[PDB]
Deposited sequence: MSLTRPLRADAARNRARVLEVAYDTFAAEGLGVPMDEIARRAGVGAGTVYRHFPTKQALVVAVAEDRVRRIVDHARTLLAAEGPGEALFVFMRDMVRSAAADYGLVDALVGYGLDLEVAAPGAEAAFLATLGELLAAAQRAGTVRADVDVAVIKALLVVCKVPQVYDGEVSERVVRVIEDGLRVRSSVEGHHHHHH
């Protein structure tokens, strides 16, 4: 119950910090991060004793969120279409995840150092969506996840890719 308050509180903070990292960066004080999350500063600090620790906790969370998104998509859209939705969603979310990398950069940190397993998780994720879609017969059999990985006016460029990906 107080467990669940904490769980709500830190998820609130992470999502606000994600948005703050995306748009403004590391210039925004923890206090204002605290304020936008509807929570006090010492609480942020109790989970996140420093700013880089917030940055790394946002990085892990976002990686986990991308992995959960893919599975929700497989459920919601089906094996046939989930890869296409996922790739479009990664595209849409590029500006945000830009601001997160930059933040991870300001601290001399990488994704695979802050969120260990990240590389592998993303790969295995793309891997399952591609296998599912090849199985469903919507995507060409002669493509591997390394090619999907590489593929990841803009909307026109994305449609050629999708159309060249279909069977």
Could you spell out the stretches of the deposited sequence that were left without C-alpha coordinates, going in sequence order? 1-5, 158-169, 185-196
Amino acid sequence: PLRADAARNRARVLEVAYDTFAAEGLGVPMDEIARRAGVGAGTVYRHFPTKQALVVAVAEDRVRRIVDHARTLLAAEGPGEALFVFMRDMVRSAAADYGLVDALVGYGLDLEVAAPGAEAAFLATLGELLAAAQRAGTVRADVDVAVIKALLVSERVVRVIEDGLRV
From here on, numbers count along this sequence of modelled residues.
Tell me which stretch, 34-42 or 66-74, has the higher mean Cα B-factor listed in the entry. 34-42
Would you check the entry's CA temperature factor for residue 15 and let me know if it's in the chain's lowest, middle or highest third? middle
Looking at the temperature factor on the CA atom of residue 91, which third of the chain's modelled residues does it land in? highest
Test of reading the entry: by CA B factor among the chain's modelled residues, which third contains residue 112? highest
For residue 49, return the chain-relative third of its C-alpha B-factor as stated in the PDB record: lowest, middle or highest. highest
How does residue 142 rank on Cα B-factor within its chain, lowest, middle or highest third? highest
